[PDB]
Structure formats: C-alpha cells, structure tokens
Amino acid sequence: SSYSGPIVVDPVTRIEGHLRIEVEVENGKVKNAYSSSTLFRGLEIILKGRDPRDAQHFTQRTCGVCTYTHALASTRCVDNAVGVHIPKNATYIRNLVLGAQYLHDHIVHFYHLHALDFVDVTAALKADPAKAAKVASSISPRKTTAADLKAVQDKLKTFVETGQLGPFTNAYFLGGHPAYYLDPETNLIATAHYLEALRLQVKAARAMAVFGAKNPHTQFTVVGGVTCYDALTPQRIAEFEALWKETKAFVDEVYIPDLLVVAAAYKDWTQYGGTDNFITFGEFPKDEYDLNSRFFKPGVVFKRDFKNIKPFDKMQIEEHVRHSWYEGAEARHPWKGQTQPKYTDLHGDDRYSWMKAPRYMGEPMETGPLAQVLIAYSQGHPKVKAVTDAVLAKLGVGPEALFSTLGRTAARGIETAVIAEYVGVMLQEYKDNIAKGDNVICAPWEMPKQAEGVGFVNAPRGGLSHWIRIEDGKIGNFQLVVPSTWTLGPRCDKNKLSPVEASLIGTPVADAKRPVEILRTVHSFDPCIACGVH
C-alpha cells in the first residue's frame, strides 16, 4: 500500500548548516532515521596553542544564527578559568544582549525557517481578505483590516504572476499537498506576518547592537566584563528599551497568536516527534559561579519523569565518536576531549556524521526550548507555569501534548514570551544598579599558567558549554559541546538513537516526494549544524 523504501533529504533547508536526513519508511511511516551532518570546520583544532583571550572571537564564528552565544560561552569559560568575578553591570549587559538574541532568533525561526512547513503561501492568493482580517483581529489585540491584508495579497499576486517564485520555487505545498491543512485566510494571515517579521527582526537584532556593537557577531565582551561604557548612558538604555518594547509587542501580539492558530489547526502533530530525556543548563545569572542563581535553573530529566528532576552534574557528559567521522570509538569528557577527524563516507564502518554524540549518564538528551520550559515548569517557575498553562488551555490539550513536535514548537513560543517579559525586569534592575552609583563594567584579572575552566550558556537551542584546559598560559585543549550536538548528533557506542533520530520514528509520510512531515519534526528542534559540528 503506502510508500515503503528510503527517503533522503539532503539538503535539509530552512536550518542553519548542512544536514542530510535519511529515513527508512514502511507502509507510509518512518521506522528508522539517521542524522548526518556533512560539513566539518575543526575550530577546536584551530584553537590549540592560541591565547585564551582570543578564543571567544574564533568560537563566535561557530555560528552567526546563534551569534553572540559562543562569545558569551567562551568568555564565561575563560572568566571561570581565571577566577574573575565580573561586575554586576557586566552580568546585566551580557544577560540583556542574550535575552535580545533569544527574541530575534525565535521570531526568525518560527516565521522564516519553520512556517513554510505549515503555510501554503500561494493559497493566500485565494483568500478573502475581509474574512482574514476578522480572524486576525479575533486572535490578537492588534486590529487588522481587510485593506491591510489586501495589500499583502496584491503584493504576493504580482510576485507570483511574474513566474519567478524565488524562495518558493518547488515548494512542497505548490499544487496542493495533503499534509497542508490551513484555509486560505489563515495562510494569508501567516504570510502577512512572515513578511512583517522580515522587518521586525531588523529591530530585534538592532537591540543587540546598541550595547554589543553589531549584529551579527557582537564585539563588547572581554575576560572580566564588557567594554561598552556607552551602555551606561541613559540614551543607549532608552534606545535598547524602545527596540525591546516593540519586539515584545510583536511576540505578544503577532507570533504567539499565530503559533496558537497554527497549532490548533495541526493538533494531530501532538502525536509525533516525542522524546524521552531532557537537559538544560539554566540562564540569566545573578551569580556567574552558581547555575542555581539563574532565572531558569539547570536540571536533568530521564524518561519524562519530571517529578524527579536530577541535579546537573557536568562530569557526567561524554561525547561519543563510534558513529561519527573521528578516530576510534572512545567517548570523552570534554576536559579530556579529542577532535581527530577520520572520514569513512556515509555509513562506512557504521559512521555517518561529523557531529560527536554527547550522552549524559550514557543517555541521549533533548535540549532546547522544550527542555528549558518543561524543567522550569517542574521547578515551579511561576512565569513559565503561567504562560504554559494559558497555552495548554487555549489549545484545549493536556500536558502530555507537550511531548511532541507540536509541543516543542509551542515551547519555543512560551520561552520567547517569558524571556521577552524578563528582559524588562533585567533592564529595570540594571537601571537601578546604575542609579546606586555603580558604573563599573570590567574587573581586572591575571592569566594563570595552568587552569581548567568551563562556561555554560542556555542558548536558544539549549545547553551550550565551552571547556578549556590552559597549559603554559595557552590553550592546551578547547572543547565545544553545543545544543545541536546533543539533539542532532548521531548514535553513541551503545547504539542509542539521538533525540532527532528517535523522534522521527513513527512519522507519517503522505507523499514521499514531498516529505514535509519529516521537515516538521526536524525543524521543530531548530537545528544548527555549524553549531553542532564546529
């Protein structure tokens, strides 16, 4: 009956980086999956022997989508190695730039990377813009009129009738597709907001440059603090605040209502894409040396047992290479990490990816917004509980719905909403601290000849850690263990499927030539392959 046989998706587009997904399907459902990352750069090899102060500039170029995050992780890592406690204002400014990164990143992910799996843009042309405006105004306090949406439709119409479909060429929805469910009016609202988001994200990113010099690839962090004395001024703070307020309004009034209208239409997607285990490192510290001082707290959960959250033990991380293109088969803790490339081609000697396979107490762990949200919820985080409960109630589903591709996508919105509000709290505390007369932003420090350090960031895709061994004052070893490495790395030497591989089992595939259901689950993890492999 249905399709049986292989499907390969290479390139997986609308991700960062170079991913090949391979699946075996049996009777229209996926029965096996491989996550193959097909670019290696080797930043860990390049760092050896260099000045530890230089590491953040190299490692920021791990990824320009999750820009800043690696500069922050390396700086936290060398701060830690040197034993410096940065001033309160450097913590505030670093935290504020990171909160701004989350808002930019998640907005772009939902509209510009994920939504073409769910939105048929060309069907928007057949919509009734008056009907569409009424629907848009019912889901948001923002009023949208028929003329507003007609303007979008008119623009799209001219574009499509030129025959040059550009980024929509060969889209899986062209001609219609049985797995695309939205009515024309909802396709038009989403398409209008996709276009709107292309300009709003300019402002969301600009917020990072107010304190952080530029986006992409900020340039304001140093060991010991930050450099941006202008960030103390009322003018720069006002400029940041205005961009944050406009970004938050978009999150609250445009992204989350769209996410809810799309999830309601695709509620069958609560049935695919679940995972068992979760890890998160916490983020937005009050104390750079205490993860439990973070607004989101670290934690580990096995087999969805959220009544028994386990403390995070950084010594229980090992990175496997048995199914990766590296020498040998020995897993390593990153303070004893090894990066020794050895290519065997696809499935040669059972190896199929340039990512290592991180395991926590030997288990494969999902990280990212669903781990951060579910673990914070289970720790009693009041803001996370309030908005996930509101989202569950709006959708009419129980908490079990969260263990799915739909739930992961919803968790990305929940954390956006929660962080957008918390940025205002952070901003006020920062203002308050300046008002007490604290204008210090960098502390002095001394380079040790020998040291170990680690820096932890919960990035928009999850738990990020950078690990340094300093020898003779230089980088003896530098290892990155990155969220997409956790989520999208391959099998380990116990042959356990990684979160993305496991989550793909059971995916239905209506049309093997246009396997949008595989993209829905893969994109729900927000893969970053430059991040995962470095």
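Each residue number is its position in the shown sequence, starting from 1.
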Review point. Out of 162 to 170 and 355 to 363, which stretch has the higher average CA B-factor listed in the record?
Key: 162 to 170
**Study point:** Mean C-alpha temperature factor, higher of 64 to 72 and 493 to 501
**Key:** 493 to 501
Revision key, fill the gap. When the entry's CA B-factors for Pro178, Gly212, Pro369, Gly328 are compared, the highest one belongs to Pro178
Review point. Of the choices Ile86, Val384, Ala410, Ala205, which one's C-alpha carries the largest B-factor in the record?
Key: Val384
Point to revise | Chain third (lowest, middle, highest) by recorded CA B-factor, residue given as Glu24 | key: highest
Revision key, fill the gap. Of the three thirds of Cα B-factor ranks in this chain, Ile470 occupies the middle
**Study point:** Where the record places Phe456 (Cα B-factor, split into thirds across the chain)
**Key:** lowest
Review point. In terms of the CA temperature factor given in the entry, to which third of its chain does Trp335 belong: lowest, middle or highest?
Key: lowest
Check your understanding: By its CA B factor, does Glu517 count among the lowest, middle or highest third of the modelled residues in the chain?
Key -> middle
